[PDB]
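# A structural walkthrough
Here's the letter readout for the chains.
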There are 2 protein chains.
Amino acid sequence: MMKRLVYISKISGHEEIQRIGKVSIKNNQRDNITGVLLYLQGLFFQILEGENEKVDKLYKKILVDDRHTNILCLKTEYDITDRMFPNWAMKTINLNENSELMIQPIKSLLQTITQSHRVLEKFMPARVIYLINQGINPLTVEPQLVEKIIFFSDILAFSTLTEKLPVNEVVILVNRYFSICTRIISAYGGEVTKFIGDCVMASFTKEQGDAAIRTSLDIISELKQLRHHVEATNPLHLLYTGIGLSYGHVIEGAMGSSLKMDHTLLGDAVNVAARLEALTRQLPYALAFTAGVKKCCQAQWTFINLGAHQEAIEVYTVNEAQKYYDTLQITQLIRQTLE
Amino acid sequence: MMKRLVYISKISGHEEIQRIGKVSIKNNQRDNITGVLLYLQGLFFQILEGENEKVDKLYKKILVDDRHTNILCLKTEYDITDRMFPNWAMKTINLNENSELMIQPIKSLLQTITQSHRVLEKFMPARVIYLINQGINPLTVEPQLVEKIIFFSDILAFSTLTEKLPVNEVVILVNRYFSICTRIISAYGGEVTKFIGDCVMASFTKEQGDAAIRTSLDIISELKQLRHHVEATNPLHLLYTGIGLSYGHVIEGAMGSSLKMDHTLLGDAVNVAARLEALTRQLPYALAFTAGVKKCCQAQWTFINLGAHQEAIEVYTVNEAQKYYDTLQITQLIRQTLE
Ligand SMILES: Cc1cc2nc3c(=O)[nH]c(=O)nc-3n(C[C@H](O)[C@H](O)[C@H](O)COP(=O)(O)O)c2cc1C
Ligand SMILES: Cc1cc2nc3c(=O)[nH]c(=O)nc-3n(C[C@H](O)[C@H](O)[C@H](O)COP(=O)(O)O)c2cc1C
């Protein structure tokens, strides 16, 4: 039983690589692993093949290696019938250091496609990248009914802010907001589906109840630090958020046609979380979630019941989500500052 | 003044390619154009370089050529200082037909990266693909304030349908719906931003007023044909839509961080179009748009003024958008059929 994987990576910092192939040779030679490692203008390409399990450890050892970064496994071939390089413990080819005409073609293509690839990667849904990082083709996965926590957040009084900031300040502000949201959601095990306007869409599993709530609090908290970090001429000092969470059945998977695919979550919980985010504009709290979310949590939160809003939904929060301000006073305090 | 471009394509049908390189040699040799064309397992890679304008025609001639399809230009280099293949009218290399060990590595990589590339392409926003298809890096474009028509459509009584169809029928239905929407929007010059649940988001320019309205009508019409095409056991016979259009300033461009980017439209018109789509559930029409959309149209539509809904917005339709049914009678006619 043998398997084969392939990945691409980026070097972590700046002919320093002659000796690292002069480590791979020895330890692959010991587990009957073969494979190739290419190098071209800041980028790494490796193929690894051997019996399914001792292949898997070194790849974990490679994952945590200080000198490359941004690792993504493209293909996995399970129970391969025979090897692609039966004689190569680890063949190392520095494609930068070849000056023959006949190879410059393929060398330039390989460079252009993978640089393109790396840009496209940044626009993928987290979940599609994750599937590719196992050996699963996202255009062949059947979508599945699953129980998820759905997350939405967007910028408060953002219509006021688009009306009275120049375009280039708006973009600086929205990028900052997206990068803080994405960093914290990811750190806690969740996945960003997409951005919809100033809106961040994300989801967590039913086991990540407390992490979805911690995520929400850490985002609210980081905006608070940021607001007093900057000067009053910086649009960042007027940046506030509201967050809605919900929990339910959703159908998750890749959908559409061969003109266009997207990663999509179908089911009513998606709409519910969006309306709780909207609702926070009229509550003295910045986070609102359903009862189903409350029941997914193991930590000992102080829950606060906010009655039924709309068929009805019971709405809840935690008191650490309490505001130190009044929402109307700030949405018109944003208007006054902006003149 | 010379320029260079590179693209990848897919063959349109199934050693039939020896003579097509035996046409390129002669006509490139006549305009002082050089370049490379590779072939590998169903895929084409070409590089073209010459003085900026007579490069551009043959590439248009290539675009309309019967035997490859799915053409995407990755890179463009304007006013290149000197050529990459100074001596090659058109070098043709069938990478399938080489059986040397030392090249199989790079050949297998090139295959894996570009096959991966082709899947990622299907998940991109139309507008990011379009930029790449010119020579513009989407991670370097500054976003721009622009006047757009915003389009939203989603499935009527979809919550009833998710509650009472099996997951695999839901997916068949949603895929059908997305592929009809995407085909018609594209045919008419618009671009799909993303899918949000059962929702299709798209936009048109201010010059495409009548095309956004024709798009909406052609989608409604195709669902009507489809409903009487199929049997009553097919979920497709219960598939209806509502469509909202709006027009306003939006900031359009690539935003986020290096963890995640998305193609995004900021501004209040986005929210407005979503609420008009929602509003159609209570109107005897399936399409609703603002006054600003009405003013973008040159054709001689019969407009119907639907009063103000919400600051107020005047709502409009055309009478070809008139329903032959009652929306509540059908949303509960969908419930009865489904038992
Ligand atoms: C791109 C890349 C590929 C690598 N491939 C291998 C490999 O195939 N086999 C291996 O043993 N180490 C490989 N390494 C490095 C290992 O992590 C190396 O064994 C480590 O630096 C030291 O091993 P040790 O600490 O267990 O003694 C690779 C590193 C990089 C950056
Ligand atoms: C992948 C691909 C690359 C091509 N590259 C060229 C080219 O570089 N130069 C060229 O003249 N024709 C190229 N062709 C085909 C042209 O369209 C060809 O000139 C056409 O079939 C007949 O030309 P004509 O009808 O003007 O006589 C290419 C076709 C394909 C599928």
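Residues numbered from 1 in each chain as written, not as in the entry; some residues may be left out. Chains lettered and ligands numbered in written order. Heavy atoms only, no water. Residues with missing side-chain atoms left out of burial classes, pairs and counts.

Header annotation of the entry names X-ray crystallography as the structure determination method and lists the resolution as 2.4000 Å.

### Considering the overall build of chain A
Which entries qualify depends on this criterion: In this description a helix means any DSSP run of H or I spanning at least four residues, a strand means any run of E spanning at least two, and both kinds are numbered starting from the N terminus.
When you go through chain A residue by residue, the secondary structure sums to 10 helices and 13 strands. Judged by the C-alpha coordinates and their principal axes, chain A covers about 70 × 45 × 40 Å.

### A short note on the environment of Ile334(B)
All names here are of chain B. For clarity, the threshold we go by: Only protein chains enter the accessibility calculation, which uses a 1.4 Å probe. A residue is then buried if its area is under 20% of the maximum for its type, exposed if over 50%, and partly exposed in between. We call two residues in contact whenever any of their non-hydrogen atoms come within 4.5 Å of each other.
Looking at where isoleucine 334 falls in the secondary structure, it is placed in helix α10 (residues 327–337). By relative accessible area, which is 0% here, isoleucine 334 ends up buried. Those residues in contact with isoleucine 334 that lie beyond four places of it in its chain are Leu156, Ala157, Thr160, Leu161, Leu238 and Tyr240.

### A short note on the sheet that holds strand β3 (residues 43–51) of chain B
Residue and element names in this part refer to chain B. In plain terms, the rule: A pair of strands is considered paired only if DSSP assigns at least 2 bridges between the two. Each axis is a line fitted through C-alpha atoms, taken for helices only over the stretch in contact, and angles between the N-to-C directions span 0 to 180 degrees.
Spatial ordering of the open sheet is given by β4-β1-β3-β2-β5, a layout of 5 strands whose pairing is mixed. Of all strands in the sheet, those with a lone pairing partner are β4 (68–77) and β5 (91–94), marking the two edges. Direction aside, the axes of adjacent strands within the sheet are offset by 15° on average. One ladder, built from 4 bridges, connects strand β2 (residues 34–40) with β5; its direction is parallel.

### A look at the relation of the copies chain B and chain A
Note the following rule: Least squares on the C-alpha atoms defines how the copies are superposed.
Once turned by 180° and shifted 0.0 Å along the axis, chain B lies on chain A with an RMSD of 0.0 Å. Seen this way, the second copy is the image of the first under a two-fold rotation axis. A shared interface surface links the copies, since 100% of the contact residues of chain B are contact residues in chain A too.

### A few points about the packing of helix α6 (residues 167–187) of chain B against helix α7 (residues 209–229) of chain B
All names here are of chain B. Convention followed: Here a crossing is called left-handed whenever its near helix is offset anticlockwise from the far helix by less than a right angle, and right-handed whenever the offset is clockwise. Residue classes follow a fixed rule: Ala, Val, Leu, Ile, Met, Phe, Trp, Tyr, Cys and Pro count as nonpolar, while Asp, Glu, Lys and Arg count as charged, and any other residue, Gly among them, counts as polar.
Between α6 and α7, the least distance of the axes is 9 Å, while the angle of their chain directions is 145°. Read as a crossing pair, α6 and α7 show a hand that is right-handed. Packed against α6, whose contacting residues are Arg176, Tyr177, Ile180, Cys181, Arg183, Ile184 and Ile185, the element α7 presents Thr215, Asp218, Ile219, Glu222, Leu223 and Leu226 at the interface. Grouping the amino acids of the contact of α6 with α7 by side-chain chemistry returns 8 nonpolar, 1 polar and 4 charged.

### Some thoughts on the site of ligand 2
Residue and element names in this part refer to chain B. Here is the rule: Whether a residue is near a molecule or strand is decided by its heavy atoms; if any one of them lies within 4 Å of it, the residue is near. N or O atoms within 3.5 Å of each other form a polar contact, as long as, within protein, one can give a hydrogen and the other can take it, and as long as residues adjacent in sequence are counted only when both atoms are side-chain atoms. Surface exposure here means Shrake-Rupley accessible area, sampled with a 1.4 Å probe, where a residue is shielded only by the protein chains that are shown.
Around ligand 2, the surrounding shell holds 14 residues, and the nearest of these are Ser24, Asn28, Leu58, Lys61 and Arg67. Here an oxygen atom of ligand 2 sits 2.3 Å away from a polar atom, N or O, in the side chain of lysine 61. Within the side chain of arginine 67, an N or O atom sits 2.4 Å from an oxygen atom of ligand 2. Look at ligand 2: alone it shows 630 Å² of surface, and the protein chains cover 74% of it. Secondary-structure elements contributing two or more residues to the shell around ligand 2 are α1 (18–31), β3 and α2 (52–63). Taken together, the residues of the shell around ligand 2 break down into 6 nonpolar, 5 polar and 3 charged.

### Considering the domain arrangement of chain A
Residues and elements named next belong to chain A. Convention followed: Throughout the structure description, domain borders are defined by an automatic or database domain assignment. Simply put, the buried area is the total loss of 1.4 Å probe accessible area from both parts when two parts are fitted together.
With domains assigned, chain A is organised as domain 1 (1–141) and domain 2 (142–339). Taken residue by residue, the interface counts 9 residues in domain 1 and 10 residues in domain 2. Overall, the association of domain 1 and domain 2 removes approximately 720 Å² of surface from exposure, summing both partners, and the carbon and sulfur fraction of that is 57%. Together, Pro125, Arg127 and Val141 form the three largest contributors to the area buried by domain 1 at its contact with domain 2, with a combined 60%.

### Details of the packing of aromatic side chains
The description of an aromatic ring pair uses the distance of the two centres, along with the angle that the planes make with each other. Cut-off, in case you're wondering: Only rings of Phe, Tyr and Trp enter the pairing, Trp through its six-membered ring, and a pair is recorded when the two centres are within 6.5 Å. The plane angle decides the type: under 30 degrees is stacked, over 60 is edge-to-face, the rest tilted. Only when the NZ of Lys or the CZ of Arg is both within 6 Å of the ring centre and within 35 degrees of the ring normal is a charge said to sit over the ring.
Inspection of the entire model under this criterion finds 16 aromatic pairs over all chains. Relative to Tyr325(A), the ring of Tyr240(A) has its centre 5.3 Å away and its plane inclined at 75°; by these criteria the two rings are edge-to-face. For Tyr325(A), a relative accessible area of 23% translates into the label partly exposed. Seen in terms of ring centroids, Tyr324(A) and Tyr325(A) are 5.4 Å apart; in terms of plane orientation they differ by 75°. Their pairing is edge-to-face. Given a relative accessible area of 59%, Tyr324(A) falls into the exposed group. Three or more aromatic residues link up through ring pairs in this structure, and these residues are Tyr177(A), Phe178(A) and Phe195(A). Here the guanidinium or amino end of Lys260(A) rests over the ring plane of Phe195(B), the centre of that ring lying 5.9 Å away. Against the face of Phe303(B) rests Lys294(B), its NZ or CZ located 5.2 Å from the ring centre.

### Some remarks on the interface of chain B and chain A
Under the convention used in this document: Any carboxyl oxygen of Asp or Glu that lies within 4 Å of a side-chain nitrogen of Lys or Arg is treated as forming a salt bridge with it.
Contact with chain B, which involves 77 residues of that partner, is made by 77 residues of chain A. With both chains or domains summed, chain B and chain A bury close to 6,600 Å², and 78% of this area falls on carbon and sulfur atoms. Inspection of the chain B/chain A interface yields 0 salt bridges. For the side of chain B that touches chain A, the leading source of residues is helix α3 (residues 104–123) of chain B, giving 15 residues.

### A short note on the site of ligand 1
All names here are of chain A. Neighbouring residues of ligand 1: 14 residues in total, closest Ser24, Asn28, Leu58, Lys61 and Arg67. A distance of 2.9 Å is found between an oxygen atom of ligand 1 and a side-chain nitrogen or oxygen belonging to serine 24. Between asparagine 28 and ligand 1, the recorded distance is 3.0 Å, taken from a side-chain N or O atom to a nitrogen atom. Taking 630 Å² as the accessible area of ligand 1 by itself, protein coverage stands at 74%. Within the shell around ligand 1, the residues separate by chemical class into 6 nonpolar, 5 polar and 3 charged.

### Notes on the environment of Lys10(A)
Here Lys10(A) shows up in strand β1 (residues 2–11). Sequence-distant contacts of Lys10(A), that is, excluding residues within four places in its chain, are made with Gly42(A), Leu43(A), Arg67(A), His68(A), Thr69(A), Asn70(A) and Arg118(A).

### Quick look at the pattern of salt bridges
All names here are of chain A. The full count for this structure, using the stated rule, is 30 salt bridges over all chains. In this structure, the salt-bridge partner of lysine 3 is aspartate 56, at a minimum N-O distance of 3.2 Å. Given a relative accessible area of 27%, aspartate 56 falls into the partly exposed group. Taking the shortest distance from any N to any O, the salt bridge between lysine 194 and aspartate 262 comes out at 3.4 Å. Taken together, the residues span a long stretch of sequence, with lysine 194 in strand β7 (residues 191–196) and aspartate 262 in strand β10 (residues 261–266) at a distance of 68 residues. Classification of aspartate 262 as buried rests on a relative accessible area of 6%. Where salt bridges share partners, they join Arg4, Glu49, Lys75 and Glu77 into one cluster.

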